[PDB]
Trainee: 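Here it is, the structure in full.
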Amino acid sequence: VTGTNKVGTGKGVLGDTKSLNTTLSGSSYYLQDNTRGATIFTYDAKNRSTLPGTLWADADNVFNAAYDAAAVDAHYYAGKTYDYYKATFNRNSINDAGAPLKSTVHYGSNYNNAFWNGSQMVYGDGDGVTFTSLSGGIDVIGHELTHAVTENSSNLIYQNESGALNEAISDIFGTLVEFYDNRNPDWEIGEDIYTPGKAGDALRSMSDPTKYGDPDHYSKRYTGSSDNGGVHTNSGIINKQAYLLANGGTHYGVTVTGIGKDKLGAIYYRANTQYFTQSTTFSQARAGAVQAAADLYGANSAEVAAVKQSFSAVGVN
Ligand SMILES: [Ca+2]
Ligand SMILES: [Ca+2]
Ligand SMILES: [Ca+2]
Ligand SMILES: [Ca+2]
Ligand SMILES: [Zn+2]
């Protein structure tokens with residue numbers, strides 16, 4: 001739409017009030033955010049299995065209805081993700097060229113999913129038991145949007161070690177996005193949307209992958225063919241290494257000095273963008289992470305040493 005930049009208000013999935021960037025055109029306001037380097041659009045599929053649906057239009061610039069909630073969050077959190085990338089690394093959208101961010105909410109009926117489809121963000125509303133509206137969790141959004149960035153860089157193949165690395169990368173960043181918005185931060189993934197009645201859980205944990213049965217050491221990796229070679233479980237190995245590099249700890253007899261989330265982020269960003277390839281394995285991830293740290297802090301630096309220490313802890317050389 002073409003119009004005038006407005007600022008509205010609405011309530012998200014968890015019931016919190018949020019500030020919205022919309023556009024006034026004719027008699028209505030549209031969930032269209034013209035404020036950033038990339039345009040952000042939010043759509044309504046009206047509980048159908050169609051894409052992208054209808055661009056979202058409101059009569060008064062107030063998004064306080066129960067039906068509004070998923071759209072308010074989808075809208076807000078994508079602008080927050082753009083922000084994280086723009087401020088931290090000077091990245092202009094998913095492709096470094098201002099590609100627009102599109103999201104469809106109310107997709108299907110009681111659909112327990114949300115993913116980047118290679119072109120836009122897709123959100124279902126959940127069954128209200130296993131999940132709630134999928135747009136209410138910032139780390140899951142940051143995770144999927146980061147998949148858009150890998151595709152525009154390393155392009156890690158979704159199978160075996162390189163696929164797990166892909167998954168790991170996306171968790172690291174979604175976590176980073178959550179800390180970014182001071183969105184009650186932690187190292188678990190999906191706790192704001194998962195099993196709305198049970199407090200305590202998440203889909204997986206970076207601090208202790210074994211809580212959910214994921215491996216936390218190379219010697220314990222899944223070796224078969226299921227899940228494109230165990231893509232979603234083996235990522236726990238890289239997740240654990242990332243956690244120890246940011247916060248420190250003792251793991252399998254190896255003591256790691258943490259360097260903080262900001263350097264963890266710069267090291268992985270640099271690694272994924274200049275060093276990783278489509279088929280980077282965990283051993284090459286170590287070497288590339290090591291080179292990134294050397295470039296960033298110096299070859300004989302304490303950072304580089306932490307990098308080495310962190311992989312050692314998880315059995316990767
Ligand atoms: Ca309204
Ligand atoms: Ca949290
Ligand atoms: Ca989290
Ligand atoms: Ca829960
Ligand atoms: Zn993923």
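Every number for a ligand or one of its atoms is a count from 1 in the order of the listing. Below, each value reflects all heavy atoms present in this structure, side chains not excepted, and no hydrogens, waters or symmetry copies. We count residues from 1, following the sequence as given.
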Trainee: Look at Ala65 and state whether any of its N, O or S atoms is less than 3.0 Å from the Ca ion (ligand 1).
Mentor: no
Trainee: Verify the distance criterion only: is there a donor paired with an acceptor across the side chains of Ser133 and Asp73 at less than 3.5 Å?
Mentor: no
Trainee: In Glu191, what N, O or S atom is nearest to the Ca ion (ligand 2), if we give its atom name?
Mentor: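 Nearest N/O/S atom: OE2.
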Trainee: Write the atom name of the N, O or S atom in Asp60 that is nearest the Ca ion (ligand 1).
Mentor: OD1
Trainee: Regarding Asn110 and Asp127, do their side chains bring together a donor and an acceptor under 3.5 Å, going by distance alone?
Mentor: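 There is no such pair (donor and acceptor under 3.5 Å, judged by atom type) between the side chains of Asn110 and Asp127.
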Trainee: Where the Ca ion (ligand 4) is the centre, what is the OG1-to-O angle for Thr195 and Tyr194, rounded to 10°?
Mentor: 80°
Trainee: Please name the atom of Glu178, restricted to N, O or S, that is closest to the Ca ion (ligand 2).
Mentor: OE2
Trainee: Confirm or rule out an N/O/S atom of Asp58, from backbone or side chain, lying less than 3.0 Å from the Ca ion (ligand 1).
Mentor: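 Of the N, O and S atoms in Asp58, at least one lies under 3.0 Å from the Ca ion (ligand 1), which means yes.
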Trainee: Which one of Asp214, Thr233, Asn239, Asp171 satisfies the side chain to side chain donor-acceptor pair (under 3.5 Å) criterion with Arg204?
Mentor: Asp171
Trainee: What is the name of the N/O/S atom in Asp186 that sits closest to the Ca ion (ligand 2)?
Mentor: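 Checking each N, O and S atom of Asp186, the shortest distance to the Ca ion (ligand 2) belongs to OD2.
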Trainee: Look at the aromatic rings of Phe89 and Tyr85 and report parallel, tilted or perpendicular, splitting at 30° and 60°.
Mentor: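 Plane angle between 30° and 60°, so tilted.
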Trainee: Determine yes or no for a side-chain-to-main-chain donor-acceptor pair under 3.5 angstrom, with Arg286 supplying the side chain and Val316 the backbone.
Mentor: yes
Trainee: Please state the angle at the Ca ion (ligand 4) spanned by OD1 of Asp201 and O of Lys198: what is it, rounded to 10 degrees?
Mentor: 80°
Trainee: Above 12 or not: heavy atoms from other molecules or residues under 6.0 Å from CG of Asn300?
Mentor: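 Atom CG in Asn300 is not packed in, count stays at 12 or less.
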